[PDB]
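Peer 1: So the protein lines, in turn, are chains E, L, C, D, K, M, B and A. Quick note: the first sequence uses the authors' numbering, first residue 3, plus one each step. Quick note: the second sequence uses the authors' numbering, first residue 1, plus one each step. Quick note: the third sequence uses the authors' numbering, first residue 1, plus one each step. What the fourth sequence shows, in the authors' numbering, is residues 1 to 117, 125 to 242, in sequence order. Quick note: the fifth sequence uses the authors' numbering, first residue -2, plus one each step. Quick note: the sixth sequence uses the authors' numbering, first residue 1, plus one each step. Quick note: the seventh sequence uses the authors' numbering, first residue 1, plus one each step. Quick note: the eighth sequence uses the authors' numbering, first residue 1, plus one each step.
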Amino acid sequence: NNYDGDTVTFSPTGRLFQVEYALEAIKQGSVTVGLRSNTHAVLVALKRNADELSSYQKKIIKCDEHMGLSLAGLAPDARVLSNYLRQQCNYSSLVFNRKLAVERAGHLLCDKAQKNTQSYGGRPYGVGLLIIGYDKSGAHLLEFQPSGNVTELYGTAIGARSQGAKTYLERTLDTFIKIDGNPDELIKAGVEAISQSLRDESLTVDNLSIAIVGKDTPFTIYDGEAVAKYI
Amino acid sequence: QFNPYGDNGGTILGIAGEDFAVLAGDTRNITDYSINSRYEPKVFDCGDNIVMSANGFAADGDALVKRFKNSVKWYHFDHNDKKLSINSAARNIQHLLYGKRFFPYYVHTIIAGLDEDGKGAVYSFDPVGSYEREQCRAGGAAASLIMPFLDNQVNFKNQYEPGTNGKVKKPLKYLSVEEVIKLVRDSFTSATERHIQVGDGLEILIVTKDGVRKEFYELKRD
Amino acid sequence: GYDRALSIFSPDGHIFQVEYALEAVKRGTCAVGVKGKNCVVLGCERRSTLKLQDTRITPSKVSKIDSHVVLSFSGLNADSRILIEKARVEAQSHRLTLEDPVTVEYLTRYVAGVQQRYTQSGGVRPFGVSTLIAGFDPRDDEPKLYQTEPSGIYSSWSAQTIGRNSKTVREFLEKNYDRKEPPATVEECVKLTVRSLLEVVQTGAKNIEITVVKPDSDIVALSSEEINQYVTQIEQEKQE
Amino acid sequence: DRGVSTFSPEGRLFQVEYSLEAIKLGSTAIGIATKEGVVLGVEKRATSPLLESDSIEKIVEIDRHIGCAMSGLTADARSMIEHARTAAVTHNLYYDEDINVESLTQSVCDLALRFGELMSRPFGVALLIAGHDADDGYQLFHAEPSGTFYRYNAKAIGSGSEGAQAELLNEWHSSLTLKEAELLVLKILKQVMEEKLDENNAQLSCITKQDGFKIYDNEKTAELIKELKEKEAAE
Amino acid sequence: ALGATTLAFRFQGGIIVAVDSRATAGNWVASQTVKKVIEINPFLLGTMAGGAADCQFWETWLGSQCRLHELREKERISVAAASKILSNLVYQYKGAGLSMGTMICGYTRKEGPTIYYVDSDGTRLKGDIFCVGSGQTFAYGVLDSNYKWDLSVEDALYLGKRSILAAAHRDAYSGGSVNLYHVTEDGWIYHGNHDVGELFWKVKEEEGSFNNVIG
Amino acid sequence: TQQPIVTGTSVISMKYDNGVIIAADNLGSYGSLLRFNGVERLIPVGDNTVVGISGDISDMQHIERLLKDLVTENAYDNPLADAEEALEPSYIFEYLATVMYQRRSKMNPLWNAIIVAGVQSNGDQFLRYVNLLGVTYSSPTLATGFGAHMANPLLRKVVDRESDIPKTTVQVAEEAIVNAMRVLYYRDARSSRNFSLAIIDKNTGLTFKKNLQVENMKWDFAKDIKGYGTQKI
Amino acid sequence: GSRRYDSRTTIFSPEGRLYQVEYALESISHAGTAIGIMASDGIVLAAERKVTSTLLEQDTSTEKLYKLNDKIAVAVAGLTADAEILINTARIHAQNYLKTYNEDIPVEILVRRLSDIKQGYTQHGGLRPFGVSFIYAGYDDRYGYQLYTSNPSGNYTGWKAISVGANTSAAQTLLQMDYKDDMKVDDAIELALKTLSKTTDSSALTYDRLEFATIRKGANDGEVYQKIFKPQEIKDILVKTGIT
Amino acid sequence: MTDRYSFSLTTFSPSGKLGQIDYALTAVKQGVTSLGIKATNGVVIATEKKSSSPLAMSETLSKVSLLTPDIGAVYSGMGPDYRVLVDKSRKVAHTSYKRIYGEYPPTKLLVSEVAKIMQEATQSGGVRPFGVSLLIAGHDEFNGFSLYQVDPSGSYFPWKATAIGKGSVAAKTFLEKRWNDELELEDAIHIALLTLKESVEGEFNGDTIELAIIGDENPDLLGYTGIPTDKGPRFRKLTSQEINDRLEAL
Ligand SMILES: [Mg+2]
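Next up, the structure:
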């Protein structure tokens, strides 16, 4: 009310309203799902269009050969944060000849988002990210929120009506976690998960967007006729 | 006073065919009269069917290659995984080299690959960024020994058709990958005999539409 | 440094600071531009509440940017000096690098760009000034007349007016100016310009300034007696 | 007052949403993409009859293979075009090639959100960016001040955009010729424009692989206007 | 450090540009196939003498600046303005160690055929005939004695070709092949690559020159 | 622009079937003066890497501090710091090589020659060299300073190429290194008798040997040498 | 943050006016009146001191009239402290011009630059404008004798006779009535004093409440002299014109 | 972080008033009375030492300050603001004059420099005006003895005699009756003590009154001999005993 003019102000109950309003932008965004087994990690994203004449907004971004994310909310903010991740992954490779750990990737994003919530003039990031990757400690899935809070998970979903897919994954936890050495079956589980967040619309060929990374699989994105297999 | 440059010796060779291209180089690394390594590769697969070597001062050579490999990586990010053409890579490398015009990379750079018509291509650079496309190019310590031999056997220079009173030149023609490797091997064994900084081993990288293949051959170790 | 965003959008999609800068232009003394077949004429109003003035030394309303281009304006007088200075510097800078004087379109585009920059820069307000820029391109005999405004938009005009009561004089020009046949001579063009100002001014004594620009850096300002002759001629023809 | 980079309770940036209202006040601009080329057309909208309409420059070249049409506070577009031209030429210098239309659009959209308390406010202008490259062929993009861009088969922006977009929905198909697209832009422009459409108050342009980006003459457009009227009366 | 022979001259039919092709690193002949004419754009040419990289890099950069000029002004750039952009640029770098000696050649409406000699110490000269490089003296001799304004295009092309040959013969650091160009108002036209080895014997026989040489 | 003051001489190393060996004497020279005798020039990083440094000792102590700080920084927010995400020899080497090249490019070098010896997580032997110029190379045997001229020839008689590595045992490799250190004591004027030796094995891990001495030396024949030519007495 | 406390000094009103400039002019209207009159053979500067106290040291005082160089002087109306900041800048600018061209600065050039500084404070920087209006009186070989005025907006204009500060409306009417072009300095001196005497808010105009200065060519042959009047010299000129 | 207050905190109100300057003057009005009187052969400046507590040592707090050997200063208003102004005034006398001309500045010019500092606090970003009025007494070869007042606005005026602060209105009236152009220094000190007694309420003695003079040169206070041209400071602070001697014959 009187305490939401900028990010530098606390409310009487100890809330940061500008950060909460940034969180609201994610809820308006299109749904995206993340899940992993022990061998592979999968991102599934429902793309959104302006109208029938328009293209579908790309939700998934590659960060390195072994890491990448999906977005929900302000797309330009995802471009800034994904670019930062690309640089940090790259700094780790050039200086230390070392693939950046997915956990450190999360820690770096947390600290970058935080600085924008404590200073005058700036604003919080208006996007949520699901980071997947395969490093020296196996497969990983992270959930980034622009408050700064980063969380490591087996599976999750963010965006509009993401509660449906999140409930499904909570039920299916024991099943999909053991899908080892089988990419197509892990994707199928992710496609069935995102289907629990659909209303009136269904998954079409230029609507669905899938990405996968794993043991002997570099981070690759599937769009167009390449996802027709999973409909 | 501190001298920031050094000479790590070695020599490299790039030849371009009709539907292929080779980039060869010896595996010996030296300082003064000592041998640092008998097998230290200096020809690299940089992605997008581009092979590269930067011969001279090894530290500057490794830095340049490392920067170009990185340049290729970011070209994919910024331009929707577009394939970097050999001509575009050449222009990019010019800007890397000239960016240090007043504190140069002390290297002779050569890249090889296929052009956009599928034909073999070789580009060569001076230390400060001037470049040119060529069929044949040797670089490094023993370039002066190898190059006039290539002129004679690849481009058939100074060879006239028998009986024609030196009026009709011997006709230019594309060589096979097998004939090219023969010339490369003979070029390096000859250079090994007469240049002290050349020897130990020979690593060749061949580039076709199918991909990048490697071949290794021993050289004299004296 | 002072960073405040002074020029910003409002709910209805307007930038009030830019629109309020236009109100300052509306307050300013009237300025008119009319281009003929082989010339351009810039007319300007001077308010007569100021007597005991020294017209020798008082800043003239029309300013030379180069030997072949002139600039008049309506709005804040102090603001205009900053645009004129920048324009004069750019004119000499263009001659130095391109080895050719500026075109009228280029000079207009530069001034308009400066005006625009002040509509989305932190710590600054927009210029409370609209300009009429007129002249002839190098080695060219086609007359040029351009207008700029605080927002930064610019465009070419066969004839145009700006300042207070400009909507009245624009109404006059819209019916009196023929596109198919513009003022053929200098006298015809000046007369039409004076006529248009006489719809608004008050008296034709020391209130009207006229400046004529012709091809190949031929610019001259008319004196009181010379202008008064046009005023005397128009009034006698009017009584009919 | 309040901060420039502030979020609303609904999760949108106030200043970005307000700039979109300014774009709705702007003159109409339409773009249509085909396999034979991309067509761009605009409403000039002269404020007075004394204004020389040919000086109204709302269609603009970025490179030989990329064109641009604008709508809204058109003065704000000058620095965007300058950046786009520099980005296009700079890429040619670094890589000895034409730059992808998408990459060019992305470069322009990076400026969009570089405002706050960088420039003082967002841009108050939307752009239709049309072009061709070897990879993705003929393309049309809609660049907003939000930093977002969508690719379109056809798109209208400005005051008569919602009415024109509905008309483009019905008329567009994947087998449209270039000539058919030209007439379709003129047809839809004439429908949404206040004043009567002619060669002086409207402007056409296109981009083809062979001839590159070209703004049409008033003589050429006049014939296409005459051809359009005859075909509608023919049934 | 590049030996060269480059020339460019104004005449009735526009501009002729002719260069050699040799590049040396000391006594060692690095290349015989070097492109010493830089195609700045379809209407403008530049010669390369001194630093190869300096000429390539900055005359390519110049073409980018010329393209930006005509995008903003909707008009072809003058040779005067194009040459001055380059000369002002190298003047900023003066003392740093740039090495160039170039002729910026073009043909426009307002100017006609125009040549500007631009150099790394800041010099910018307009002129009718220019020759630059280690073999410039040899080429000047043939040019001065045979040059006339009313030369035909065929004869002018030969004169430029013959002048480079004269230098290629005598100057050790000039040779390889000859690259010809004809610049018209509608753009430049390439007139081929000519191996000096074959060209010398051909000219000797047909012209009767070079009697000092047995053939 | 620098000049080295207090210096350390040769560092020698080689690969064997299961790991790597590295050695260096315990001397800090001050020109011709053998000023400091308790200087450790082998610095372990974790339980799988040893960095051997020659050249300027003040610059060596600076690098010690960087490596020590590198271990600390790697442990931050890293639960697998003593496992999968522990520091590798290849990581440590690339970091130093980056620093050395950056410093030479600012015309303010670290006046050192460095050899990073270790064993990777997959069991592969790591052995690579870097110096004040940022120059890097790898070989079955590596040595700095005089060691390059005198030790390498002896170590290359054991491991002349890649195929000789599986055939070389730790007993044989250690013997060759210790013999090389004796030869350097005979012939290097800025060397000492006391030295340190380190073995990094993929099975038995890191073994760090301090306070070794050159022994079994041949000096007896000196008594028979009289004059410089003609002298009989 | 600090946005809360910003007055926004450099913005437009809905009517297209600069708030702070208008309010600065309102401040100046309460300042002691200053008059400048330009004659054919010289210039007069007259100014009224603000409500004088009897214990004020009059002879060694300077409030209204300041010297910029040998050929140019200014009369001040507004905040004295603000004026002195601008005066020192103007003095420096005049010397920079002399150093560069070896010629005394033309009057207009000095006035324009000082006016451009005032303009800057109205368009950028977020600072309050200078609450000062000047009357510039000076001579150069191009235009001869010149009178100018500048105000907080940064706008300047030339005059034959002009007043600034309090009661300018009444003062300008009286000057407009009695002024003519062929006027002498001695006549202009009388006009300046008569005008102040009628427009003053005081009971009677006296020597201790005035500052006076002339710029004549009254020196020996083709050269300009600046005369800042002493208290006794003002007392004499006041009796000579029959005011006291 | 960083100083984001780059804008003026003093601005014109619709009526033309500069609010913060007016309010600063109000703070000066609340301040303790101080005065200055100019004689033919000297100048006197005086003020009451308002003690915050009887446990406090009023000798440690000096309201009358030496700026140069021939210039002194006293104030009314906010003490802390005065203390820092004295520091800046002393420094500016050196940096912008003595280090250039090799001699101390004349009174009028030092006053001008202090005024400049106070004017800047009225216009610069993120600052309030100084809440003090100064009285600066001094001597220099070419101008002789002089007395100046300096206000929060930066304005300064020369005075024959004046007073500032609490009871300045009454004190100025008292000085108008007693002041003439033939006053000797001792007569001016006598008048200063009479004037100050009216405004002081509590104890009136050498320990509660602070008084200094600008008069003749003091070779005994110079600290060295040997240079004839250096004759010593004209500024002298009267002692507690010296004041009490003059209070008997009052
Ligand atoms: Mg050997």
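Ideal Cβ placement from N, Cα and C applies to all residues, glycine included.
Report the rounded CA-to-CA distance for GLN171 of chain M versus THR222 of chain E, giving the unit in angstroms.
Peer 2: Taking the straight line joining both Cα atoms gives about 49 Å.
Peer 1: Which whole-angstrom value is the C-beta distance of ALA90 of chain L and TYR123 of chain L, which I expect to be below 8 Å?
Peer 2: Contact flag correct, Cβ pair sits at about 4 Å.
Peer 1: Runs of 4 residues minimum, wholly inside the region 12 to 78 of chain M: which ones carry the alpha helix (DSSP H) assignment?
Peer 2: Counting only runs of 4 or more, we get 57 to 75.
Peer 1: Comparing alpha-carbon positions, which option in B:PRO231, B:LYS240 and B:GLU26 lies nearest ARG49 of chain B?
Peer 2: The shortest C-alpha separation from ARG49 of chain B is found at B:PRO231.
Peer 1: Using a Cβ cut-off of 8 Å (strictly closer), state whether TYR2 of chain C contacts chain A.
Peer 2: Judged by the 8 Å Cβ criterion, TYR2 of chain C is in contact with chain A.
Peer 1: Are the region 109 to 125 of chain B and the region 27 to 44 of chain C touching by the rule of at least three beta carbon pairs closer than 8 Å?
Peer 2: They do not touch, by the three-pair rule.
Peer 1: Let me know if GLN102 of chain M comes out buried or exposed under the rule of 16 or more other beta-carbons within 10 Å of its beta-carbon.
Peer 2: The residue is exposed, with fewer than 16 neighbouring Cβ atoms inside 10 Å.
Peer 1: Along chain L, in chain order, which residues have C-beta atoms closer than 8 Å to that of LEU96 of chain E?
Peer 2: Those are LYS66 and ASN70, listed as they occur along chain L.
Peer 1: Could you pull out every residue in the same chain whose Cβ sits closer than 8 Å to the Cβ of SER206 of chain K, ignoring the five residues on either side in sequence?
Peer 2: Cβ within range, chain order: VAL200.
Peer 1: If you pair each beta-carbon of the region 159 to 179 of chain A with each one of the region 195 to 209 of chain A, do three or more pairs fall below 8 Å?
Peer 2: Segments in contact, yes.
Peer 1: Does the Cβ of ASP222 of chain L lie closer than 7 Å to at least one heavy atom of ligand 1?
Peer 2: Result yes, Cβ under 7 Å from ligand 1.
Peer 1: Could you tell me which chain M residues have their CB closer than 8 Å to the CB of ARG38 of chain E, listed as they occur along the chain?
Peer 2: Neighbours of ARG38 of chain E on chain M: none; closest Cβ ~17 Å, over 8 Å.
Peer 1: For chain E, find out if any of its Cβ atoms is closer than 8 Å to the Cβ of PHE77 of chain L; answer yes or no.
Peer 2: Yes, its Cβ sits closer than 8 Å to a Cβ of chain E.
Peer 1: If you follow the beta strand (DSSP E) that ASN36 of chain L is part of, which residue opens it and which one closes it?
Peer 2: Unbroken beta strand (DSSP E) run through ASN36 of chain L: 34 to 37.
Peer 1: Cα separation between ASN179 of chain M and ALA117 of chain M?
Peer 2: Distance between the alpha carbons of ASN179 of chain M and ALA117 of chain M: 19 Å.
Peer 1: So with Cβ pairs under 8 Å, would you call residue 259 of chain C a contact of chain K?
Peer 2: Because residue 259 of chain C is not part of the residues shown, which for chain C are 1 to 240, the question remains open.
Peer 1: On the three-state DSSP scale, how would you describe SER53 of chain L?
Peer 2: Of the three classes helix, strand and coil, the one that applies to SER53 of chain L here is strand, per DSSP.
Peer 1: Compute the Euclidean distance between the alpha carbons of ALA161 of chain A and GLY16 of chain B, then round it to the nearest angstrom.
Peer 2: Taking the straight line from one Cα to the other gives about 49 Å.
Peer 1: Please report whether the beta-carbon of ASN8 of chain L lies at a distance below 8 Å from any beta-carbon of chain M.
Peer 2: Yes, its Cβ sits closer than 8 Å to a Cβ of chain M.
Peer 1: Which residues of chain C have a Cβ atom closer than 9 Å to the Cβ of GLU108 of chain B, listed in chain order?
Peer 2: By Cβ distance, chain C contributes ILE57 and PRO59.
Peer 1: In three-state DSSP terms, what is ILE134 of chain E?
Peer 2: Reduced to three states, the DSSP call for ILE134 of chain E is strand.
Peer 1: Any idea if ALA184 of chain C is buried or exposed, counting beta-carbon neighbours within 10 angstroms, 16 or more meaning buried?
Peer 2: With fewer than 16 other Cβ atoms within 10 Å, it is exposed.
Peer 1: Which residues in the same chain have their Cβ closer than 6 Å to the Cβ of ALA159 of chain C, if we skip the five residues on either side of it in sequence?
Peer 2: Counting only Cβ-Cβ distances below 6 Å, and skipping sequence neighbours, we find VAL34, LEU173 and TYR177.
Peer 1: Between the C-alpha atoms of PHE145 of chain A and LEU56 of chain B, what's the straight-line distance to the nearest angstrom?
Peer 2: If you take the alpha carbons of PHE145 of chain A and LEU56 of chain B, they lie about 15 Å apart.
Peer 1: Could you tell me whether the Cβ atoms of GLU218 of chain L and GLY201 of chain L are closer together than 8 Å?
Peer 2: Result yes, Cβ atoms of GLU218 of chain L and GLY201 of chain L sit closer than 8 Å.
Peer 1: Does the beta carbon of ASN155 of chain L sit closer than 8 Å to a beta carbon anywhere in chain D?
Peer 2: It does not: the Cβ of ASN155 of chain L has no partner Cβ on chain D nearer than 8 Å.
Peer 1: Any C-beta of chain D sitting closer than 8 Å to the C-beta of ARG49 of chain B?
Peer 2: No, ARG49 of chain B lies away from the interface with chain D (no Cβ there is under 8 Å from its Cβ).
Peer 1: Starting from the Cα of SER155 of chain C, find the closest Cα among C:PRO182, C:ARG109, C:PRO101 and C:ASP3 and give me that residue.
Peer 2: Out of C:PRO182, C:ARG109, C:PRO101 and C:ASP3, C:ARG109 has the C-alpha closest to the C-alpha of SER155 of chain C.
Peer 1: Quick one: what does DSSP say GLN9 of chain K is sitting in, helix, strand or coil?
Peer 2: Looking at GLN9 of chain K - three-state DSSP - the assignment turns out to be coil, as it is neither helix nor strand.
Peer 1: Between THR98 of chain M and chain E, is any beta-carbon pair separated by less than 8 Å?
Peer 2: For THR98 of chain M, the answer is yes, since a Cβ of chain E falls inside 8 Å of its Cβ.
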